[PDB]
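Data block below; observations after.
Quick note: the coordinates plus some simple rules give every number you see, no bench work behind them. Virtual Cβ from ideal backbone geometry, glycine too; neighbours counted across all protein chains shown.
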Amino acid sequence: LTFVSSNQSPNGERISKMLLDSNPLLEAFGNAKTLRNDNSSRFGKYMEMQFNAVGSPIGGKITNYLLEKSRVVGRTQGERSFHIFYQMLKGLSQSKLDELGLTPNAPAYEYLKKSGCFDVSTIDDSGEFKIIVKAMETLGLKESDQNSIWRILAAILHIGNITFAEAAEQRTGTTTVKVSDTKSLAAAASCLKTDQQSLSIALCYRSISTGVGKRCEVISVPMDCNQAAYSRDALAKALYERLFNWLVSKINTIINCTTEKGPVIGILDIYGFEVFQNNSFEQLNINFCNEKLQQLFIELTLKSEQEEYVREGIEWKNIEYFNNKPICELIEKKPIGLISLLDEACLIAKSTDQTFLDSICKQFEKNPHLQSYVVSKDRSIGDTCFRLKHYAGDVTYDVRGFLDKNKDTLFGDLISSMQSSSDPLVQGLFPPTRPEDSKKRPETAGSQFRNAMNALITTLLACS
Amino acid sequence: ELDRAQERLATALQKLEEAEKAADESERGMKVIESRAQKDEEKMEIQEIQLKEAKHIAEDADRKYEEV
Amino acid sequence: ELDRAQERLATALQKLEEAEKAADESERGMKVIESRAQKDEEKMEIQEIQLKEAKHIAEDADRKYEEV
Amino acid sequence: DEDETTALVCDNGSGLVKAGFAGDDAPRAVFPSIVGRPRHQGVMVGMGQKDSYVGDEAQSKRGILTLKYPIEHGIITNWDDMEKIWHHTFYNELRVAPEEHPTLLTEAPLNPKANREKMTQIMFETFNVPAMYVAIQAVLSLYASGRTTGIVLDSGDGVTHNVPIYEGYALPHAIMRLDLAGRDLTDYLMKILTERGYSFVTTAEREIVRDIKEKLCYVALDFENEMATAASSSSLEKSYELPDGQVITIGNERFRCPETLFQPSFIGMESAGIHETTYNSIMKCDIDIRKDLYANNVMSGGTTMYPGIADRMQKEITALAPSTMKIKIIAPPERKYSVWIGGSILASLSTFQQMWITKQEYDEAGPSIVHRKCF
Ligand SMILES: Nc1ncnc2c1ncn2[C@@H]1O[C@H](COP(=O)(O)OP(=O)(O)O)[C@@H](O)[C@H]1O
Ligand SMILES: [Ca+2]
């Protein structure tokens, strides 16, 4: 692209220098180690190069997407979640860690312990920190800013030291929620700078009564532990999502060019194909994206280009082309579909993963591209597993998680307590209501994923 | 008009003292009950922990009885 | 004197409104706590009976086990 | 547009009209089902009175109004005024037109056949509604609460329904419909208040009873034992300065009216308490289907919000009933809105398509499209 733009340009050649220094930088933020790839980006990215009314470059912005959900708490022994966390633990002095009730050892925690692993054989976090610090300063994140960032993570860690000592108030079935380890619970509310009491009453007991005039809270009653631990995670998942978005956007505030203005040229980059010893819900969504990606090409390099022939005044005729495979798409969008029935099975709180799996085998196993152990007489299919045909290869998945992992629903009551905070940091994680993403608000984060990817393709099929 | 202003000052100053007085007594009443509420809440939890054991022991005895 | 009284009356009503507001929130706080205290009291008594029953049924099971 | 269709979630009864925007969890727009005229004559010129006064507009200024009630627990005294009740829902509060988004309503089981077509006619054959449905009250709360195997007793304000739903619908019945809830208690208080120089006669003040009710009224742990306790002036008498200008130290007026629930004898009916009919409905089912019902009981509605409603049931039932399985009563955080939590669900589902009625579907089967599709 460069040179073709007539070479010289002080503000134009400057990016050619910084973008080369982005290699030691980009690998720090949005990258993690997979068993198949070390430099594997864990989020969809659509870079946009800006230009002027001549042809030379000037700047650019970045846009991310919904990104994997259960990679914050669940994963296989060997992989990691996100660098920003590990880079902190082996960065701050033991002195500062002790003050926050921390220690240079993930196993000691709980949230990080639920992951399964901690240390990686290929990565050296302890020795990488001081190297990253130089990259931190390269952009414009001085120690003063560094400390401000570590607090946000420390808040997450404080949430991570908060579980529920299954209150034995109830004698048999249902059960309440009580915190015996008040030390850890208090530590969070202390750093969150909110009333420890109100925090325990508002969260453990949800409030509902918003009659336009706008709510009267506090009325409630305890609920089971599963829902408590579920609502707990949803908080720690929605906090990081809005963090990463606001974090990377505030980094560009120092980087992004403000000197010039003009059009935009886009560039795409996403995670690739993978196969592990044992597949799961994670592979389903990832492989699903590939099916949408394959459709992208077909829609563009196969379909859009054909429509250009008949538009450029050329005597063209409809030549046989393999199926438009719109069935694998309509089977999971409009009413009566995969993720359309899944949405139905989600909100039915009792319809566990197993019950939903049963709804697939019966409603389908007739439409192309699906098999199991019942219909397809093949022992290779376990009774607790199912077969799924892709565009070519065959994959067997597990039904573990699915629902609770995908839902990630967090309504007001729990969020409202955080939005009305006085601290500039906490409220920062809750921007002034929908930033360029309004529509309707309440409808799970799982269904919101589909919307994020659909909004992506819509803007892909409207350019060159 | 001065007489009316002075009259309103009298009833206002008096009601102000009563309002402040009630605020203290109401807060005073809230405190003594809040303390008792916390003591009860704690006592209730402890008893229910024993209620668990009491049943498990009763059930264990029943299961131990079936064996014999 | 009227002007001075009016000035004192203006600030007097302002303090009165603040005092009544503080009392209104205090009396309400005492009310909700009192209600919760009663709910806990009833929950304590009803379980106090269960606790005893859970203890007796355990002792009876032990005596029943001793016989067999 | 894009990935957004917007579906309204409504649930009307004889107490509140619960409504929201789209995909909501709790009811956003709520208002009392009232519509009267001006006995007074509007000043007539200081507005050509009209608007019976409704929504949070009528309840704000009652007195002057001659509140008339259309929906007395089931039977509708008049359908003509209903048109001006739904003219307040979509327009004033929701601020959206019914000629744009679908609609969802509730179905009181065993509802008059004539009411099915009458309601549907008001929308499709007048106020264009692309699609709609009328789901069955209780069943909704089952899923939201997260229960598969339960016996539901949904009772908000209209009528009582003992629905032993815990696997399927449309079986023999084991269901009952009783006119003894909410508004029935509101009318009973004024009756007994006469013995203490109090008489809230007309409807305007009758509504105030509801206000005073939900802030002190309770159900006695045991009427017999609390009789001797009445001598004490600490747990009985409770001061309540009426925000109009009257002090009423209600003591024995709080747990006398609700007693009507367990004692239908106080309203001239041979019917027994709600724990006798419970047996009546369970016994007509299979024999190996009871052990799991007692294990988990679903008690939803605003009637279960009263202090001293769940504990009493665990005292009377265990006495004369199968005593082998654990006895537990489930009372969710907001067991009243449990219907709306589940109502929002079905509206946000896509599988729901193979159930509702579409614009064209009506013309294809005429006015009988209702009983031809649903049941
Ligand atoms: N916390 C509460 N305690 C007792 N009654 C309550 C409570 N909250 C609401 N109610 C009552 O519940 C009734 C409304 O319940 P609802 O289920 O919405 O009725 P409906 O659906 O028949 O309109 C009203 O009479 C109201 O006063
Ligand atoms: Ca109800």
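Over chain D, the fraction of Cα-Cα pairs per 10 Å bin, rounded to whole percents and listed from the shortest bin up, is 4, 21, 30, 26, 15, 4, 1, 0. Kirkwood Rh over alpha-carbon pairs of the protein assembly as shown, then Stokes-Einstein at 4 °C and 1.567 mPa s: what D in µm² s⁻¹, rounded to an integer? Diffusion coefficient, whole number: 39 µm²/s.
The calculated FRET efficiency for the pair A:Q227 and A:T182, based on their C-beta separation and a Förster distance of 25 Å, comes to about 0.70. The slack between A:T122 and A:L460, meaning 0.36 nm per residue of separation minus the straight C-alpha distance, is 118.0 nm.
Length gained on full extension, D:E214 to D:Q314: 33.7 nm, using 0.36 nm per residue less the C-alpha separation. Under a 5 Å amide H cut-off, with hydrogens placed 1.01 Å from N, D:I151 pairs with D:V298 among residues at least 5 apart or on other chains. Taking label positions 7 Å along the Cα-Cβ direction at both D:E57 and D:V45, the computed distance is 2.3 nm, reported to one decimal.
Of A:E27, A:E308, C:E18, the sequence from fewest to most neighbouring Cβ atoms within 10 angstrom is A:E308, C:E18, A:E27.
Taking Cα pairs under 8 Å and at least six residues apart, what relative contact order does the range D:182-267 come out at, in percent?
Across the range D:182-267, relative contact order equals 29 percent.
Along its first, second and third principal axes, ordered by size, chain A spans 79, 65, 55 Å in Cα coordinates.
If I take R0 = 41 Å and measure r between the Cβ atoms of D:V247 and A:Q197 in this structure, what FRET efficiency does the formula 1/(1 + (r/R0)^6) give, to the nearest 0.05? Efficiency, from the Cβ-Cβ distance: 0.75. Based on C-alpha pairs under 8 angstrom that are at least 6 apart in sequence, chain D has a relative contact order of 18 percent. Near the amide H of A:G211, within less than 5 Å, lie the amide hydrogens of A:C216, all on another chain or at least 5 residues away, with H placed in the peptide plane. Inverting the pair-averaged 1/r between distinct Cα atoms of the range D:182-267 gives 13.6 Å as its Kirkwood hydrodynamic radius.
Take the Cα of A:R14, go 7 Å toward its beta carbon, and the backbone nitrogen atoms of the range A:254-277 under 11 Å from that spot belong to A:255-260. Within a straight-line Cα-Cα reach of under 19 Å, D:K118 can be paired with the following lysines, leaving aside sequence neighbours fewer than 8 residues apart in one chain: D:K84, D:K359, D:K373. Each of D:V139, D:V43, D:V298 was scored by other Cβ atoms within 10 Å of its Cβ. Listed from fewest to most, they are D:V43, D:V139, D:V298. This model, with +1 at the C-beta of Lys and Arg and -1 at the C-beta of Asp and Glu, gives the range D:254-368 a dipole about its Cα centre of some 580 debye. Simple point charges give the picture: +1 on the Cβ of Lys and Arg, -1 on the Cβ of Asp and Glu, and for the range D:182-267 a dipole about the Cα centre of about 100 debye.
The distance from the alpha carbon centre of the range D:58-130 to that of the range A:67-114 is 56 Å, rounded to a whole number.
Working from Cα pairs under 8 Å separated by at least six residues, relative contact order for chain A is 16 percent.
When the charge dipole of the range A:42-114 is built from unit charges on Cβ atoms (+1 for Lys and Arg, -1 for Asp and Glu) and taken about the Cα centre, the candidate among A:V73, A:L102, A:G55 whose Cα reaches farthest toward its positive end is A:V73.
Under Stokes-Einstein, with the Kirkwood radius over Cα pairs standing in for Rh, what whole-number D in µm²/s applies to the range D:38-187 at 20 °C and 1.002 mPa s?
118
Across chain C, counting alpha-carbon atoms alone, Rg and Dmax equal 29.2, 99 Å.
Legend: ranking of residues B:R8, C:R63, D:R206 from fewest to most surrounding C-beta atoms inside 10 Å; resulting order C:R63, B:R8, D:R206. Counting Cα-Cα pairs of the range A:236-334 in 5 Å increments starting at 0 gives whole-percent bin shares of 2, 8, 10, 12, 14, 14, 14, 11, 7, 5, 2, 0. Across the options C:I49, C:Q14, C:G29, the greatest Cα extent toward the positive end of the charge dipole of chain C (unit charges at beta carbon of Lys, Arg, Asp, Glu) belongs to C:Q14. Each of D:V209, D:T186, D:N225 was placed along the dipole of the range D:179-283 (beta-carbon charges, centred on the mean Cα), and the one lying farthest toward the positive end is D:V209.
Shape summary: the range D:270-313 maps onto an equivalent ellipsoid whose semi-axes, from the alpha-carbon gyration tensor, are 22, 15, 8 Å in decreasing order. Around the Cα centre of the protein assembly as shown, unit charges on the Cβ atoms of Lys, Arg, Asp and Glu (plus for the first two, minus for the last two) sum to a dipole of about 1320 debye.
Label separation (A:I219 vs D:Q353): 3.8 nm, computed from points 7 Å beyond Cα along the C-beta direction.
With the simple spin-label model, which puts each label point 7 Å out from Cα in the Cβ direction, the D:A228 to A:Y65 separation comes to 7.4 nm. Between the beta carbons of A:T352 and D:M325, assuming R0 = 25 Å, the FRET efficiency works out to 0.65 to the nearest 0.05.
Taking amide hydrogens as placed 1.01 Å from N in the peptide plane, the amide H of A:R387 sits under 5 Å from those of A:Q371, A:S372, A:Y373, each at least 5 positions away in sequence or on another chain. Adding -39500 (n - 2.57) for every DSSP H run of four residues or longer, then dividing by how many residues chain A holds, sets the calculated 222 nm ellipticity at -12000 deg cm²/dmol. Set the bar at 32 Å for Cα to Cα. Now go through A:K61/A:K113; A:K114/B:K64; A:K17/A:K142 and name every pair that lies beyond it. Result: A:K61/A:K113; A:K114/B:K64 exceed 32 Å. The Rg/Rh ratio of the range A:196-243, with both radii computed over alpha carbons and Rh defined as the Kirkwood radius, is 1.03.
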